[PDB]
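> this one is an experimental structure. Sequence first:
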Number of protein chains: 4
Amino acid sequence: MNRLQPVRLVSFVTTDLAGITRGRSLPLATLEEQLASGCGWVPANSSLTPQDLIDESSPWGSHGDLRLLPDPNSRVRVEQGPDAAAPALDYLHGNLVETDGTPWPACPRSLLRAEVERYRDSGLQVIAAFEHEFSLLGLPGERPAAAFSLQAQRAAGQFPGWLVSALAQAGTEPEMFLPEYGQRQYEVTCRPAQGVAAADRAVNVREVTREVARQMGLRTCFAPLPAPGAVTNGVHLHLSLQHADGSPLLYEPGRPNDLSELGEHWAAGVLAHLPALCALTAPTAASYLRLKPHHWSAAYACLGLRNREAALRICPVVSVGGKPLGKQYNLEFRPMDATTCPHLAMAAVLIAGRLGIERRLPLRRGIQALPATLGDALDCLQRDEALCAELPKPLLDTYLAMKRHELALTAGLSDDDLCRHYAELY
Amino acid sequence: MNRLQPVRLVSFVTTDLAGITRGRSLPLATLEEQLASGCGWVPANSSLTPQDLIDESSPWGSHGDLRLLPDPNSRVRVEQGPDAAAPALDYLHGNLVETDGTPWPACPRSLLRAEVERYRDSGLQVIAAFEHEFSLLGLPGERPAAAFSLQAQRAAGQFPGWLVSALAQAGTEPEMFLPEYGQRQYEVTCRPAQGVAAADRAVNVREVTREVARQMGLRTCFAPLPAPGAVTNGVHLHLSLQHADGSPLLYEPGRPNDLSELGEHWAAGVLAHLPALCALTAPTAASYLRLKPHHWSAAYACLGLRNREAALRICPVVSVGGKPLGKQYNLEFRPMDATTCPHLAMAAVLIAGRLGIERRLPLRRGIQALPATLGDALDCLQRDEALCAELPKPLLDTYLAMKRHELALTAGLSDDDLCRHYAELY
Amino acid sequence: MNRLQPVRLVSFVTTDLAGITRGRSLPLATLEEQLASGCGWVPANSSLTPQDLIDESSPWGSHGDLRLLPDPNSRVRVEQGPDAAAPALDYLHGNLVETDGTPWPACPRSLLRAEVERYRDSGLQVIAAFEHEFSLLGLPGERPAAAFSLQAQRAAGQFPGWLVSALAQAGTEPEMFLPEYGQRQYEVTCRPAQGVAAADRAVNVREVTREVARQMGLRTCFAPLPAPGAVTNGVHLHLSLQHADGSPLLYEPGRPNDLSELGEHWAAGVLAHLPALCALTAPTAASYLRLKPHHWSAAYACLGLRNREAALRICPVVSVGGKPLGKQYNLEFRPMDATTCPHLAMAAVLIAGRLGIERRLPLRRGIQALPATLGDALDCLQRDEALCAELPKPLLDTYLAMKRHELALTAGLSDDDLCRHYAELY
Amino acid sequence: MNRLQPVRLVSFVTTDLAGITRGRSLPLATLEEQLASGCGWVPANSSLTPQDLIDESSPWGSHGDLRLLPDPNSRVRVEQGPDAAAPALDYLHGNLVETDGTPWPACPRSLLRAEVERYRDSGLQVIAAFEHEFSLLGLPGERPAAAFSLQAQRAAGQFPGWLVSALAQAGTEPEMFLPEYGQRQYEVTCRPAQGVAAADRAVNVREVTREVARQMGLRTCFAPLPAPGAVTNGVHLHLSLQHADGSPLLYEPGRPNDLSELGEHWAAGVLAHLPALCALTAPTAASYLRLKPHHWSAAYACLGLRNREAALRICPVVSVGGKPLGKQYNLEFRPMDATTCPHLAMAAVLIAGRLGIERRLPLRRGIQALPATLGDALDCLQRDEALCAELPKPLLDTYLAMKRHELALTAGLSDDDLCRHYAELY
Ligand SMILES: N[C@@H](CCC(=O)O)C(=O)O
Ligand SMILES: N[C@@H](CCC(=O)O)C(=O)O
Ligand SMILES: N[C@@H](CCC(=O)O)C(=O)O
Ligand SMILES: N[C@@H](CCC(=O)O)C(=O)O
Ligand SMILES: [Ca+2]
Ligand SMILES: [Ca+2]
Ligand SMILES: [Ca+2]
Ligand SMILES: [Ca+2]
Ligand SMILES: [Mg+2]
Ligand SMILES: [Mg+2]
Ligand SMILES: [Mg+2]
Ligand SMILES: [Mg+2]
């Protein structure tokens, strides 16, 4: 009489400290009833390593279970993708809380929201955009064409058109799609967002790219190193800081670089803490094949107007034809990859920046090397009590333990095996 | 309710010194906002060799990044090709400029536009057409049929019909399609265009042929030598010179050949500089398997009414039935292949011609051999200070360095490997 | 909005001395403009051997290039074939001329048209039909069925129905289709045509049979010997001669055979020159596996009412039921195959016939063996100054050189290899 | 605008002495013009053996060629078969004649028509039906099911339904379809026909069964022995003889068997000549694997009311429920297979019967063994001057020579090879 429909499922998700987005789903009809209670969640999930193992070193064994509470404003709805028979993608980001309503200290979305608050309190809005690079696997046709080339964009067939449309439907404001330097490498960028929404966007961009690829029988890889001796997949975070008003507070013509005193304090905090921030913005064992790629590199916490050997780069304005200038002025953090948790990573950066501003840190030998393995990066984080102290203590323990465990699971493992290993997790 | 559409992406492209067309794309809805700023671009991309490597010998490391500024008049729109599910091909050629509006010296489109200007200033319009030969791979059916044969055109199935239509839609004015001498070789020719548009056409003809082949599951090859011991793929440039008026200034009946004094000066400049022009019109290592094909050849800078052993050939008029005569009179430069950058190549030729005219060079032993390897061809370019001096100096450095590097990357490599190597890049 | 169409291409063709039809194509919209100028063509193409090689022994290197001038009356239009997605077949036969309008002496269509003229001048119309045999490869189903059998016609599926229809659309007047003696052998015959149109038909019948087979994923072979120890593929030319009026001038009841005095002169010229005509009507190296098939054969220039061991056969009238008689009276030349150029072959025959009539040659030991290899056949042609003299001298040189070269390319080569070799060219 | 149609071809056929049906076809539009002249045919085709070879022992080399003159009353039209895309089957049986109208003595249809005449002259109509058995190869599904079984009829899928319909459309009057004793064996029977039409039916039944199988991707085999150690494929001819009126003249109740004096004379002639008739009703080398199947058999010319070890069997009437009786009374000849020429075979039988009647031969040791090889069967035919004398002499020579030649081609060849050999020809 009528050909029946599959039920539309809605997911509640969280993106854990392992940079994985996880959740549970319910029939659409139930969404309203479900919104206030969210869905159950188990605290020990926050001790899962990329390899899906929990240690006994977790603080969370036994301990009473949590609620994953969807925030109604973060809803993503992609009604149609490449495959006309495929279910909508429908889900909401949530915060983790104890059963009474009590904000759970090891929740990475919550931490970022508290830090944005601390930002608001002293009059700063946070405006950010994550740029994402990935490998597109499975495409038909010839060997990959030249880097950056029209042919490489063409080889992708209907994928870029469907990707941008899926990201538009998902409310990401897609804006640029391009083939990048490596073989099968592409990049999609979106319009900036304020606060938490900016990290939600980073998650949405990843989860939707994955879903479009799935719908076409393709695969993506966001691992920092897609395969041995490949061009690496970065994530770059552009941050501007604005008076509760739209007035750009990072930027001041005629002061050199066009950087504010405020600006310089902010950048200085990020710089002084970078070797720690690496544990949180290049947080996996595979991250260090990207950060220290060739024999000795070392890689430093310095600044650039000029070059992209700099960990933090000033993105100067474009005058050219109309504009306007300064709204587009921002600072780009570069030692970041997609194995991160967008919320934890952005939170970590805005923190050290805050600490820069709070102690009116001056902008400078006054320059550290970034660590060279995850181990070294966790050493650094442990040594930076100023930064650690801004992190809710249970997060730090569960993070610090979970990562030791991640590196336990990976040790002895060749550089190559490790890269192949992670190219299967991101 | 409605089956959604993939977003239409518009690309901004540049064709680099490596003869590769590269760019970035945006959603159609944004095109208007995007036109004034263009899109970002990195100067160091102009040091990429055909093998996609940059040396430390580049002038562009560190240095501040550029804008790729689409010229609205060069837009290509192919709405439909062989595959009804395929995205339109939509893109615009752009010039590279520094962030304030400042014409970037290493931009090959810009250089050609400045040279056309220098042409206009002294009263000459430049009218040109590039003829393109290519291999069509993947066709079903028997062994390839006879050279030039109806059967060989038929074997191509729906490809020639879809090719001409795609080129028509792209505003190239396709005019001739034919099977050529080698197995799977075809040639498409188009109507001449004035100035920059003539080089844009050369790029458009290549990029669209590639896209039609892609849409049918076929492949093209434009490399100078498609495979070992194959008939070679040439590019021939027909140039006529006209008073700002349509009055042909190359041609004068009864003066022998029907060549003008002007004409002879022009041809003489091209001839005297040919061994240098080779570095810019046969600019890849694989180019010399085509220019000096058999054991000793050597190949010379001479002229022909008569034969195609001549590097520069007068294409006499066709009277026959109606006509008219002289508008169709032109000169064809022959040591050119598709590994070039249409704009750089045409610019280089019109330059030496200009120098011919400026020094009223007479038309003649007064005859040089064309070089025999890329190395020799770059030696020659370095030795021809008259020509070098017309090139913006940063272009020359970045070109000269990038090509050494290209030949570094290829050395020791057998003639055959080199040909197979390049048959994968063009 | 509208699903676009592939452009319809029109070809201009010539059938060269190698019996290959070659040309170039243009968009339909341009046909009118293009008709007066035709398209470019290179004289040296007339020195290509079946194996697609030109020697230095060609008269045409250097020499200025030609026009291929479509004759509007020879247009072939097949709008639809077996594959509904396939392009029309659209092309016109052309004559080759120098750039001013000047009939090029090495053009085989032109030579035949001049000979028909010489025929008209003395009051004779030439009426001819070529019968064609070929192999049809790729058919599904069992081993081939019995020679001449209903099952063999049935095995061909939709091919004969589509073949006749394609030939009807092409204006060939198809009339008979039949399975022949060899495995996968078929024959199609058409209604006779006058003069040049008769040779155009021979070309059209070949090119369309090929196109129908292509459209069905089948292949044809017209080589004199399709594969080792196979039944051979002949071409038979039926010629009648008529007063500028329809009055048959070959035929006279009661004179024996019903042959005219005129008739006997004509046949006598053909007979006296046959060993030369073989170089032009069995003109390839593979032709002699057909003409002298078994150990000693030798094969002679004699006549038959009676049998098909005769090189020239009188095809007597059919009374039976109605008729009428004499209009259908003709003479069939038999040592002919599809590796010929229909125009060159028919021209050559009508010539020797003319010479028969001009010298009132009587009809007779007065009997020669036909040569046994191409070499011997070219010896014979060189020795027959009477015939050579009617050929435009440049044709003869370019032909005579091109064929030496063909036999150079083939020598040492086994009988079998040679047959397999040619089964790939026709 | 309109999707064009393939041309409908009409064939003119003859069934040669080798039991193969051969012909040539023309476009439907031409059928009317073509009917009076028929189509050309070559006398030497009547010397082709089953293996498609002609000897020098043929009487027909040189000799002037013939007309195949379609008899308009024998037309077969099957407009639709299993494959909706397949051409109609359209053809007419013809008689062979010399070019003036003169009945050709070696034509098997003509001979049978002359014998039916000789029958009419003395007041007898000839009423006959051929029963045909065949193998159906290629069927999907399990091993073949039990002999005679519903499952075996079912395994044939849509074939029996399409076979009967095709035979109905062809005007054969199909009446029975059944699985038979051997694996993949089927039998179709039709209503009797008078005279020549009865043999045309036998040909039509074979050619259409073949065409239906072709349309479904199946194959048939009618060879006397389909494969080594298989149940054999017979052909049985039922003959009744009637006053020019419908009055059955074979049958007389109360005279024993219900056989007429006339009847007994007729049967007696068939019996006395059977060892010769075998050369014409079991006429191939493979026929003797069927006639003498096991070690010694020998097989005799005797009669049966009773059993099917008899070469000639009385088919008694069925009373049962209504009837009527005697119209259905007939005699069945059994040593016959599908390698015959229906017309030659039926002609041969009616002859010896005639000779029985003419010499009022009595019905009886008075009993011969049937030969055991083709050789012996041809010996017998040569020895029976009474029978030979009724055959047009040129038929006999061409037959007798063609078959020696057939057995030359097959000698040394194992029983099995021979069976496999012929299973490919019928
Ligand atoms: N793929 C580089 C970024 C290159 C670029 O986009 O400039 C990275 O790992 O960060
Ligand atoms: N394929 C030749 C051109 C031959 C021609 O079109 O005349 C080349 O490399 O330039
Ligand atoms: N296939 C034969 C012709 C046979 C025929 O049609 O009589 C030949 O080479 O000419
Ligand atoms: N297949 C048997 C006939 C069996 C029957 O139908 O009785 C034959 O060769 O005649
Ligand atoms: Ca490539
Ligand atoms: Ca995975
Ligand atoms: Ca071929
Ligand atoms: Ca067969
Ligand atoms: Mg990037
Ligand atoms: Mg060319
Ligand atoms: Mg024939
Ligand atoms: Mg039976």
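It's in. Residues are numbered from 1 along each chain as shown, chains lettered A, B, ... in the order given. Ligands and ions are numbered 1, 2, ... in the order given.

> enumerate the residues of chain A near ligand 1.
A:133, A:231, A:232, A:234, A:290, A:308 (CB under 6 Å from any ligand atom). In this view, the C-beta of every residue, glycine as well, is placed from N, C-alpha and C.

> sticking with the second one, tell me its helix or strand.
Residue A:231 is part of no helix or strand, with elements assigned from DSSP states H and E.

> list the contacts for the residue of chain A at minimum distance from ligand 8?
For chain A and ligand 8, the shortest gap (CB to the ion) falls at residue A:140, measuring 42.7 Å. Neighbour list for residue A:140: A:157, B:217 [criterion: CB atoms under 8 Å, 6 or more residues apart in numbering or on different chains].

> name the SS class of residue A:114, please.
Under the three-state scheme (DSSP: H, G, I helix; E, B strand; the rest coil), residue A:114 adopts helix.

> okay, now it: neighbour count?
The tally of other residues near residue A:114 (other CB atoms under 10 Å in any protein chain shown) stands at 15.

> same deal with residue A:53?
Look at residue A:53: counted by other CB under 10 Å, it has 13 neighbours.

> any idea how far the residue lying closest to it once chain neighbours are set aside is from residue A:402?
Nearest residue to residue A:53 in three dimensions, chain neighbours excluded: residue A:409, at 6.3 Å (CB to CB, 6 or more residues apart in numbering or on different chains). For residue A:409, the distance to residue A:402 (CB to CB, to the nearest Å) stands at 11 Å.

> which residues are common contacts for the two?
With CB under 8 Å, 6+ apart, residue A:409 and residue A:402 have common neighbours residue A:49.

> spatially central, which residue of chain A would that be?
When CA atoms, centre = their mean is applied to chain A, the residue found nearest the centroid is residue A:342 (2.9 Å).

> what are the neighbouring residues in contact with it?
A:15, A:19, A:130, A:199, A:200, A:201, A:202, A:203.

> and the furthest pair within those residues?
Distance extremes for these: the farthest pair is A:19 and A:201 at 15.0 Å, using CB to CB.

> CA atoms only for stretch A:19-35, dumped as PDB, please.
C-alpha atoms of stretch A:19-35 as PDB (Å, rounded to 0.1, in the frame of the first residue of the first chain):
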ATOM      1  CA  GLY A  19      39.900  12.800  19.500                       C
ATOM      2  CA  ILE A  20      37.200  10.200  18.800                       C
ATOM      3  CA  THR A  21      33.500  11.200  18.500                       C
ATOM      4  CA  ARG A  22      31.200   8.600  20.200                       C
ATOM      5  CA  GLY A  23      27.600   8.400  21.100                       C
ATOM      6  CA  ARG A  24      24.300   6.600  21.100                       C
ATOM      7  CA  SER A  25      21.100   7.100  19.100                       C
ATOM      8  CA  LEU A  26      17.400   7.100  19.500                       C
ATOM      9  CA  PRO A  27      14.300   7.300  17.200                       C
ATOM     10  CA  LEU A  28      13.500  10.800  16.000                       C
ATOM     11  CA  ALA A  29      10.000  10.600  17.600                       C
ATOM     12  CA  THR A  30      11.700  10.400  21.000                       C
ATOM     13  CA  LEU A  31      14.100  13.300  20.600                       C
ATOM     14  CA  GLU A  32      12.000  15.800  22.700                       C
ATOM     15  CA  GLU A  33      11.500  13.400  25.600                       C
ATOM     16  CA  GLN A  34      15.200  12.500  25.400                       C
ATOM     17  CA  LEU A  35      16.700  16.000  25.300                       C
END
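
> in it, what's buried?
Buried residues in stretch A:19-35, counted by 16 or more other CB atoms under 10 Å in any protein chain shown: A:19, A:20, A:21, A:23, A:24, A:25, A:31, A:34, A:35.

> need those in a markdown table with secondary structure and distance to ligand 2, can you?
Supplementary listing: those in a markdown table, determined by DSSP: H, G, I helix; E, B strand; the rest coil; distance: CB to the nearest ligand atom, whole Å:
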| residue | secondary structure | distance to ligand 2 |
| --- | --- | --- |
| A:19 | coil | 54 |
| A:20 | coil | 56 |
| A:21 | strand | 56 |
| A:23 | strand | 61 |
| A:24 | strand | 65 |
| A:25 | strand | 62 |
| A:31 | helix | 67 |
| A:34 | helix | 70 |
| A:35 | helix | 70 |
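
> may I see the residues you listed organised as TSV, with distance to residue C:154 added?
Formatted as TSV, the buried residues of stretch A:19-35 follow (distance: CB to CB, whole Å):
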residue	distance to residue C:154
A:19	68
A:20	65
A:21	64
A:23	65
A:24	66
A:25	61
A:31	66
A:34	69
A:35	72
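
> what is the nearest of those residues to ligand 4?
Of all these, residue A:25 has the smallest distance to ligand 4: 69.5 Å, by CB to the nearest ligand atom.

> could you double-check that the closest one lies in contact with residue A:12?
Yes: the pair residue A:25 / residue A:12 is scored as a contact, 7.5 Å apart, by CB atoms under 8 Å.

> which residues are in contact with both of the two?
Residues touching both residue A:25 and residue A:12 by CB under 8 Å, 6+ apart: residue A:91.

> tell me the secondary structure for the residue nearest to residue A:53?
helix.

> got the contact list for it?
A:49, A:51, A:53.

> residue B:89: which of those is nearest?
The closest of these, once distances to residue B:89 are taken by CB to CB, is residue A:51, at 43.9 Å.

> so which helix or strand takes in that closest one?
Going by DSSP H and E, residue A:51 is not in any helix or strand.

> for it, what are phi and psi?
phi -90, psi 10 (degrees, to the nearest 10).

> confirm for me that it is in contact with residue A:407.
No: judged on CB under 8 Å, residue A:51 makes no contact with residue A:407 at a distance of 10.7 Å.

> just say helix, strand or coil for the closest residue to residue A:323 other than its chain neighbours.
Nearest non-adjacent residue to residue A:323, counting by CB to CB, 6+ apart: residue A:317, 7.0 Å away. Using three-state DSSP, the structure places residue A:317 in coil.

> of all residues in chain A, which one is closest to ligand 5?
residue A:145 (4.6 Å).

> skipping its backbone neighbours, what lies nearest that residue in space?
Spatial nearest neighbour of residue A:145, chain neighbours left out: residue A:151 (3.8 Å); criterion: CB to CB, 6+ apart.

> distance from the strand or helix carrying the one you found to the middle of the chain?
Assigned by DSSP H and E, residue A:151 falls within helix A:150-155. Mean-position distance between helix A:150-155 and its chain equals 27 Å (CA atoms, centre = their mean, to the nearest Å).

> quickly check: it near ligand 5 or not.
No: looking at helix A:150-155 against ligand 5 by CB under 5 Å from the ion, there are no contacts, and the closest approach is 7.0 Å.

> ok, residues contacting that helix?
A:139, A:141-142, A:144-146, A:160, A:177-179, B:9, B:11, B:13, B:21-23, B:25, B:89, B:91, B:207, B:210-211, B:214.

> could you measure from residue A:306 over to chain C?
49 Å (CB to the nearest CB, to the nearest Å).

> make sure that residue is actually in contact with residue B:61.
No: using CB under 8 Å, residue A:306 makes no contact with residue B:61, being 9.9 Å away.
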